[PDB]
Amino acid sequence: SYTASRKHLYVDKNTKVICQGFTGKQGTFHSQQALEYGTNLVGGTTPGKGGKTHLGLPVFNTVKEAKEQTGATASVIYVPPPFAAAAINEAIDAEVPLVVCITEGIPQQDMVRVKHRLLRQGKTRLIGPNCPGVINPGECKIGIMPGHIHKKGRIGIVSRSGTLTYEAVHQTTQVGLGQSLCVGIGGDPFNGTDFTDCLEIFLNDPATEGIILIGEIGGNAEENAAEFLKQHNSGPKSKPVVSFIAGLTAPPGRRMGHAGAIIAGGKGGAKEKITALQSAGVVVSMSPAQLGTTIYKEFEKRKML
């Protein structure tokens, strides 16, 4: 099942990464940054040059190759829009455990064709597309997120946006809380991993004591989240969940940046999202400026500090 690959989301110091789209002006910059941070970046694909060395590191013509050859367990893609989905499928083929598609702009039709497949195999798990990635602070970083702002700790973070997440992470560390695992699932309407996918992981993580969920207008992923928490997070040992949803001031009918950030046909507004999560026990910060202070207080009430 696809459900059964959720576990691959928890990357760590043991995980070895290959970057599909290695010599590209993008896979370049992030690989130097991934190695610096301290990530197990073994190499990278890039058809044509498939045999050379880039950045004091091996290069292959394909994904299937570089897998075996380097043993590797995670693939991150920086391949431009028109091909990016091909790359996802080239990764699901060679049965890679974790695939992280950073690329923005992939046709929505492409992604529905991708999820057609992706929801059949269970060896692969995809985060993305149009997402900053995943980070297990101190252990492993796969994506375009500034690492130095993370502090290993107790809060599991899941967000549909990039920099807004950075706000949260900064705000948590500044109150000294830290993070266990952060997953940016992306701003697109059809993607490989949703909120509930991540919440299962956080709810069963002993390292995770609290959760921050960042959302926005568009789609129903937030409402499914609220449903899932009602069902699996009530009762004597529930973890506190703090959340912020963007787009309260968004006008309808417009694409607020992210392809999936649009209130359409009367569906996708923030107000209903906020009301649902509240109904599931989720304390929703009104200001996006208060996610650190808000979850801080939650820990303090339950005396978890």
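The first residue of the shown sequence is 1; numbering continues from there. Definition used throughout: the rigid core is the maximal C-alpha set that superposes within 1.5 Å between two forms.
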(message) For a rigid core alignment of each structure in 8 other deposited structures of this protein onto the shown form, which stretch has the higher root mean square Cα deviation: 276-284 or 48-56?
(response) 48-56
(message) Check this for me: in at least a third of the other entries compared, is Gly269 absent while its neighbours are modelled?
(response) no
(message) Highest mean C-alpha temperature factor of the two stretches 44-52 and 30-38, which is it?
(response) 44-52
(message) So, looking at the entry's B-factor column for Cα atoms, which has the higher mean, 87-95 or 196-204?
(response) 87-95
(request) Tell me which of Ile262, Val241, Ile245, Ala66 tops the list for C-alpha B factor in the record. (result) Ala66
(request) Among the candidates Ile212, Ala72, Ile217, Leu181, give the one with the maximum CA B-factor reported in the record. (result) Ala72
(message) Is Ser159 in the lowest, middle or highest third of its chain when residues are ranked by C-alpha B-factor?
(response) lowest
(request) Looking at the entry's B-factor column for C-alpha atoms only, identify whether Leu126 ranks in the lowest, middle or highest third of its chain. (result) middle
(message) Per the entry's values, where does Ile18 land by CA temperature factor relative to the rest of its chain, in the lowest, middle or highest third?
(response) highest
(request) Would you check the entry's CA temperature factor for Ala226 and let me know if it's in the chain's lowest, middle or highest third? (result) middle
(message) Split into thirds by Cα B-factor across the chain's modelled residues, where does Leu119 land: lowest, middle or highest?
(response) highest
